[PDB]
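What follows is one structure encoded as structure tokens, with my remarks underneath.
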Amino acid sequence: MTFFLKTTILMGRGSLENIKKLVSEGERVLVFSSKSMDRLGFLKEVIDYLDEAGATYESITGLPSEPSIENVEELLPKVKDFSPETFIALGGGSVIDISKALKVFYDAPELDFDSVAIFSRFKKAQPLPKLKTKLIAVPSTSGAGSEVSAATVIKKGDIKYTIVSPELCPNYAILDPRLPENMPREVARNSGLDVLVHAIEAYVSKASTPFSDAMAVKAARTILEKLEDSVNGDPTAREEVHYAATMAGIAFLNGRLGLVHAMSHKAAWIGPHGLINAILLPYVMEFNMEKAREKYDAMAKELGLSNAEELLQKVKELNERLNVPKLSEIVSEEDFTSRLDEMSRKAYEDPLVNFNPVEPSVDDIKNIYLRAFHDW
Amino acid sequence: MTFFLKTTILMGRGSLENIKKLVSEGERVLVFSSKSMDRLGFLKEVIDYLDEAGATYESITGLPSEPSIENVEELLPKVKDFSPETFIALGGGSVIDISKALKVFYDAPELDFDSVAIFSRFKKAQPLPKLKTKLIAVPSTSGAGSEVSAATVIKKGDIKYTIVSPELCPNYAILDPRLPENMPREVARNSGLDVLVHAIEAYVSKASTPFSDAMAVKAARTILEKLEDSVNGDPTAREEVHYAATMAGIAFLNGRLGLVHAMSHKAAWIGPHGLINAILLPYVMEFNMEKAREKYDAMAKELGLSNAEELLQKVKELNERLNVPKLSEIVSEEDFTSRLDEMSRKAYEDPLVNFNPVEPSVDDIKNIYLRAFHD
Ligand SMILES: NC(=O)c1ccc[n+]([C@@H]2O[C@H](COP(=O)([O-])OP(=O)(O)OC[C@H]3O[C@@H](n4cnc5c(N)ncnc54)[C@H](O)[C@@H]3O)[C@@H](O)[C@H]2O)c1
Ligand SMILES: NC(=O)c1ccc[n+]([C@@H]2O[C@H](COP(=O)([O-])OP(=O)(O)OC[C@H]3O[C@@H](n4cnc5c(N)ncnc54)[C@H](O)[C@@H]3O)[C@@H](O)[C@H]2O)c1
Ligand code: NI
Ligand code: NI
């Protein structure tokens, strides 16, 4: 049992200004940004800080959502050409994950994706050498927790795979609630429910400790109390949920995740995106609560509920109040059916299955997917 | 507003065996331990792991509690003689604090104590350069939180001063509850109440964040619920309180401490040791609550109490039930009244005052000490 944190976290409204203090005169900085963070003026704000710092900088913008290995490879020549000492990742989990993947392939150019990505928990991946490029993560959602995690989630053939290394942990995270105050309702809802998924999975993980549990319970408490207020546009709730998103990231960095993310990774072919975690969570909770009820009971008591059954009800009621669609509403029975057997096999191979409080069969995973689809 | 943790925390019963993982063949390792960690056979367990790792090692034992700069200077030549790459600090806050002070003076031999210790918050101390000696902190009490903190607490002339630098944060902390299970009742009480002092001062600190607050509340909740069970020999509660001490450590690494530790640093000339933080806490809370109730109320409600007034009552009741002495049991009215003025002046200059929710005068600190003596 281990607990660490590689990331120095700076927080508060206006904390984006810290960039001035983190970068030195003549430091070679490459800024990666989403279309959102460009349009909304946050990229300009970072450039003006780098200008005041007298840094040597360049900006790559309009990084895509749900990044592929092809997305990464297309950016890599620009990276090598500029020869940065420092990355700033301004945007969502998508932008922070693109930057982590570029950090690997820039700092360790002997390593290709196919050598380090965990395609199957039954096949060895190469560990990462020391990666010297400084990474400053500035999340715009609340949130993926990528600003502290050891993982980058990259698609190859419409399946999400991970590279996981403590070397990928961002050197610095800046948590400036001014950014997420700009999320559209559905982005605030989806990324806020991912916090709750992260917190519950980290708490019931085989890898859980009291240290990860303290962060996981507080993040979960904040989502259950504050998320509806944040989705309605309460700035105080937007701050609390932004910090809860990172608290859950600290939890799952140490505690790891579980079946929910193994099954959402391998259901990335489904649109809309960023729904499937929220939808699958209760079905995975009900499966795990069969043989491994104990840690769900423990978390429910810590959250001031009587038992695991009441925590499950609170999760289903929050999803209901935030109008999370049924799986059957966002995928046809034929398309779901034709991909089910391979999805279930690929999910079973995902390394997050090793942390799940119960070891699933392929058939157990297939039956969880079916249960979520039927919604009988 | 910042949150970090430089230390990798390894935990569980038998986690002491991780030493065999963290040390490579031919690594030069210097082990510091207390007499109790030698006598109870934890030093032999560590040497046995270093032997299995094929390390080049040496052991220094019989390290004093409440260490001085003279203590540290007397050991420095033995450190230089052996030329270690790695320290293992096996014992209480005292042993980890000695190990931290030696890491400064070994790694930066151009810096003396008088250049890096914060004698006064009104005068610059030198910042520390990169210190490359790896430090593995194995706390035996529950506890100082020194195994994750950026601080070492060293006496000069019977007053506690600090060196504070992220460079002093141990590389690794091993939390193995077999060690603190051996604490006699009084040591379990004193170090446990220190956790609660740490947790409350970190929460109400001017440098509090939601991250440090989460660690501080869970640490405080564990002490209020479990410390009596632990004092009474409950192995579950010993484990819980051991991890609570490090949580309060994470909390104060970030949040810092306040007027309780400023006042206990400058009252270091009182024996016994370890009581003064627990004695002073309620009086400092009452002082701070007059002007800055807000964070005490927030902490009370997090702990599922109705208000700041009830948290204060719960602290006072715990001290009562675990038989914390009054200040006038452990110091003559002669002694006290004679040093009160200079102690108050020197507590006022302690950098930890900068983090207290309320800026005290010297006279305020004088009157807190007076209310403690006169209860
Ligand atoms: N590496 C990890 O540990 C980890 C953990 C969980 C998820 N992920 C990955 O992260 C990705 C999802 O990241 P995400 O949830 O942050 O979303 P995202 O980065 O994919 O962005 C979602 C959408 O919201 C928009 N947006 C983001 N912030 C905005 C803001 N403040 N104002 C306006 N619009 C804004 C984006 O432009 C985009 O259209 C997925 O690829 C997922 O697999 C990573
Ligand atoms: N550096 C920091 O951040 C920090 C924080 C708090 C306190 N401190 C310092 O730490 C010191 C106090 O540390 P402490 O409270 O851990 O006590 P300690 O290290 O002074 O030891 C107290 C006594 O208990 C004995 N003991 C300790 N563990 C035992 C065990 N498991 N079994 C049997 N006997 C045991 C010791 O041998 C000693 O006699 C003080 O000098 C204080 O100023 C520093
Ligand atoms: Ni997620
Ligand atoms: Ni203390």
Side-chain angles (χ1 to χ4, degrees), chain A residues 8 21 24, chain B residues 2 4-7 27-32 58 60 63-89 91-137 144-173 207 249 252-254 256-257 261-262 265-266 268 346 349-355:
Chain A
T8 297
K21 309 144 101 55
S24 292
Chain B
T2 299
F4 74 92
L5 179 65
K6 297 280 182 217
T7 306
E27 196 167 321
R28 302 186 71 82
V29 183
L30 185 50
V31 184
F32 303 93
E58 181 180 283
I60 296 175
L63 293 203
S65 52
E66 322 270 320
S68 66
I69 186 63
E70 297 88 358
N71 291 161
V72 174
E73 293 173 336
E74 140 44 34
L75 287 164
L76 188 45
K78 291 178 209 271
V79 178
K80 293 180 172 182
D81 188 30
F82 178 58
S83 195
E85 300 166 282
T86 301
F87 296 180
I88 295 163
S94 291
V95 173
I96 298 159
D97 275 11
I98 288 153
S99 304
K100 286 178 161 172
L102 286 168
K103 173 177 169 166
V104 175
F105 298 127
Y106 176 53
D107 290 351
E110 307 292 90
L111 289 178
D112 58 352
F113 186 67
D114 271 13
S115 290
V116 291
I118 321 126
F119 294 125
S120 178
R121 69 182 164 122
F122 302 106
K123 312 199 160 297
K124 287 284 96 117
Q126 288 322 288
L128 301 191
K130 300 272 62 145
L131 313 173
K132 59 202 286 294
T133 303
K134 173 165 41 159
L135 174 55
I136 303 166
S146 191
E147 63 283 350
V148 297
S149 87
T152 180
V153 181
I154 301 296
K155 303 214 303 209
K156 187 176 166 120
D158 222 1
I159 298 177
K160 286 186 161 177
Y161 299 101
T162 66
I163 313 165
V164 178
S165 175
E167 290 294 319
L168 295 181
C169 296
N171 305 83
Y172 298 91
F252 85 74
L253 167 62
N254 287 287
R256 319 307 315 278
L257 300 161
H261 275 79
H265 283 167
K266 275 42 178 192
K346 290 229 71 93
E349 298 178 343
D350 191 296
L352 290 187
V353 174
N354 289 325
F355 295 107

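First the proteins, then the strands, lettered A, B, ... as listed; each starts at 1.
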Is there a donor-acceptor contact under 3.5 Å from the side chain of B:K103 to the main chain of B:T133? yes
State whether the side chain of B:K346 and the backbone N or O of B:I159 hold a donor-acceptor pair below 3.5 Å, judged by distance alone. no
Does the B:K132 side chain pair with the main chain of B:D107, one donor and one acceptor, at a distance under 3.5 Å? no
Would you say the side chain of B:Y161 lies within less than 4.5 Å of the side chain of B:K266, judging by non-hydrogen atoms? yes
Between B:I118 and B:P351, the two heavy atoms sitting closest are CG2-CG, 3.8 Å
Which pair of non-hydrogen atoms, one from B:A262 and one from B:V353, has the smallest distance, and what is that distance? CB-CG2, 3.8 Å
Within a strict 4.5 Å, meaning less than it, do heavy atoms of the B:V79 and B:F32 side chains meet? yes
For the side chain of B:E85 and the backbone of B:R28, is there at least one donor-acceptor N/O pair under 3.5 Å apart? yes
If every non-hydrogen atom of B:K100 is compared with every non-hydrogen atom of B:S146, which pair is closest and at what distance? NZ-O, 2.7 Å
B:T7 side chain vs B:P170 backbone, donor-acceptor pair below 3.5 Å: yes
In short, B:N254 meets B:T2 closest at the heavy-atom pair OD1-O, 3.8 Å
Is it the case that the side chain of B:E167 and the backbone of B:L131 share a donor-acceptor pair, with hydrogens and angles ignored and the cut-off at 3.5 Å? yes
Using 0.5 Å steps for rounding, measure from the CD atom of B:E349 to the CZ atom of B:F122. 6.5 Å
Has B:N71 got a side-chain atom pairing as donor or acceptor with B:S68's backbone, closer than 3.5 angstrom? yes
Derivation and outcome, side chain to side chain contact (heavy atoms under 4.5 Å, CB included), residues B:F87 and B:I98: CA-CA 11 Å; B:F87 296 180; B:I98 288 153; over 6 Å; no
Report yes or no: does B:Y106 contribute a side-chain atom to a donor-acceptor pair with the main-chain N or O of B:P84 at less than 3.5 Å? yes
Note, B:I136 side chain near B:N171 side chain (heavy atom, < 4.5 Å): no
What distance do B:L63 atom CG and B:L75 atom CG have between them, rounded to the nearest 0.5 Å? 6.0 Å
So, for B:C169 and B:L253, which heavy atoms are closest and what is the spacing to 0.1 Å? SG-CD1, 3.9 Å
Measure across B:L111 and B:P129 and return the closest heavy-atom pair with its distance rounded to 0.1 Å. CD1-CD, 3.7 Å
For the backbone of B:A117 and the side chain of B:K156, can you confirm whether one donor and one acceptor N or O come within less than 3.5 Å of each other? no
Is the NZ atom of B:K6 crowded by more than 12 outside heavy atoms at less than 6.0 Å? no
Applying side chain to side chain contact (heavy atoms under 4.5 Å, CB included), run through B:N354 and B:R256 and close with a yes or a no. CA-CA 9 Å; B:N354 289 325; B:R256 319 307 315 278; over 6 Å; no
May I have the step-by-step check of salt bridge (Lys or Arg N to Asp or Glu O under 4.0 Å) for B:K160 and B:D350, ending in yes or no? CA-CA 10 Å; B:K160 286 186 161 177; B:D350 191 296; over 6 Å; no
Can you tell me how far the CD1 atom of B:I88 sits from the CD1 atom of B:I60, to the nearest 0.5 Å? 12.5 Å
Decide side chain to side chain contact (heavy atoms under 4.5 Å, CB included) for B:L352 and B:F252; before the verdict, give the C-alpha distance in whole Å, the side-chain angles of both, and the deciding distance to 0.1 Å. CA-CA 11 Å; B:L352 290 187; B:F252 85 74; over 6 Å; no
Could you go step by step and tell me if B:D97 and B:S94 meet the side chain to side chain donor-acceptor pair (under 3.5 Å) rule? CA-CA 5 Å; B:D97 275 11; B:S94 291; over 6 Å; no
Before giving the answer on side chain to side chain contact (heavy atoms under 4.5 Å, CB included), spell out for B:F113 and B:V72 the whole-Å C-alpha distance, their side-chain angles and the decisive distance to 0.1 Å. CA-CA 10 Å; B:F113 186 67; B:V72 174; over 6 Å; no
Could you go through B:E58 and B:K78, starting from their C-alpha distance and side-chain angles, then the distance that decides it, and tell me whether this counts as salt bridge (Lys or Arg N to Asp or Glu O under 4.0 Å)? CA-CA 10 Å; B:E58 181 180 283; B:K78 291 178 209 271; over 6 Å; no
